[PDB]
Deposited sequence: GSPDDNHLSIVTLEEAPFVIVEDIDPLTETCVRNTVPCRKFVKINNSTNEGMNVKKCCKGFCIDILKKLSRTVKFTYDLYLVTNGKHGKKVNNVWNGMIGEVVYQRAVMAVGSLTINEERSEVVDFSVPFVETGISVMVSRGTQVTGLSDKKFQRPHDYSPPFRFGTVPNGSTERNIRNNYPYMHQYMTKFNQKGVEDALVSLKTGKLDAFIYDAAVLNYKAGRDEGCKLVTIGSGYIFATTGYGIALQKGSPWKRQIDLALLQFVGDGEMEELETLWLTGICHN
């Protein structure tokens, strides 16, 4: 019952901090990250860091109720999970290839991942949202500005952070929109928000739970999600486990217990509320 668990940093779900001057204190848990010595070697060191956040508090509650201990580590081969040349990388890959018993974080449940890992019941609703400057007129993902962007002079400028569940959905559903958007790929959420705030981007398409958190914390309440926080292709965040995992039954029941007794609502108040 000592389990290898993988995570990925994505505030406020998983937040990574440097260790004290030399253990993890307060509401943090130890988490390690493999860091290369240089680029001409495979040699590296596990660096001891500290992790906290909404998903970490869920892990702490699961560890206590389900009765397991764990060795938490940060994924270094990709991010959430993408199938590249039929091989899964990121958190999904760590679980698929049995390096981790489970993956905890801002991990989106989708059909293709569910074919290779089992997911727990969802603990947070997510999907796709559209972030814009307040007042921008867009009807949703079906808006002609997104579907047929060159029908506008100048064309609407919009992008996502590639290789995650959002880009996969756009590629599957809207082929033209997808090939158009790639020139607007953002390195991460922080870069995308700066691009929107400075008028270099008109819309940012990304994970609903993250966008709704970011809109709620925006300085001047300038950036909002369209349709008053509308969520397209609704899914949720789930704990990924190996297919046929003996831990799935107890994890599912504990998550449903936390929702039922108000423990989940208490975590949302602690980590996900915003002024906007």
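Stretches of the deposited sequence left without coordinates are 1-5, 27-28, 284-285, in sequence order.
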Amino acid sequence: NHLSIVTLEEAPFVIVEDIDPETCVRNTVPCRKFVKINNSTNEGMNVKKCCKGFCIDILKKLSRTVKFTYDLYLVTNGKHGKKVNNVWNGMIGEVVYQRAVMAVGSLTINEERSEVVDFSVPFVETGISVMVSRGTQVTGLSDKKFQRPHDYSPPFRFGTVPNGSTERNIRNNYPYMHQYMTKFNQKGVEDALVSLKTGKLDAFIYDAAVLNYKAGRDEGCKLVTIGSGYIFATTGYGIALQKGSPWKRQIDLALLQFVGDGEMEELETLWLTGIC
From here on, numbers count along this sequence of modelled residues.
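Across the other compared structures of the same protein with both neighbouring residues present, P12 carries coordinates in every case, with no third of them leaving it out.
Per the compared records, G260 is resolved in all of the other entries whose models span it, so no third of them omit it.
For the pair 133-141 and 155-163, the mean B factor over Cα atoms is greater in 133-141. Comparing 221-229 with 245-253, the higher mean C-alpha B-factor in the PDB entry belongs to 221-229.
Note on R168, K200, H80, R113: the highest value goes to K200, judged by CA B factor as recorded. Out of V210, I37, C50, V47, it is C50 whose C-alpha atom has the highest B-factor in the PDB entry.
Among all modelled residues in its chain, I239 ranks in the lowest third by Cα B-factor. The deposited CA B-factor of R26 belongs to the highest third of values across its chain. Remark: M264 belongs to the highest third of its chain, ranked by C-alpha B-factor as recorded.
In this PDB entry, the Cα temperature factor of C55 sits in the middle third of its chain's modelled residues. Compared with the other modelled residues of the chain, the Cα B-factor recorded for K67 ranks in the highest third.
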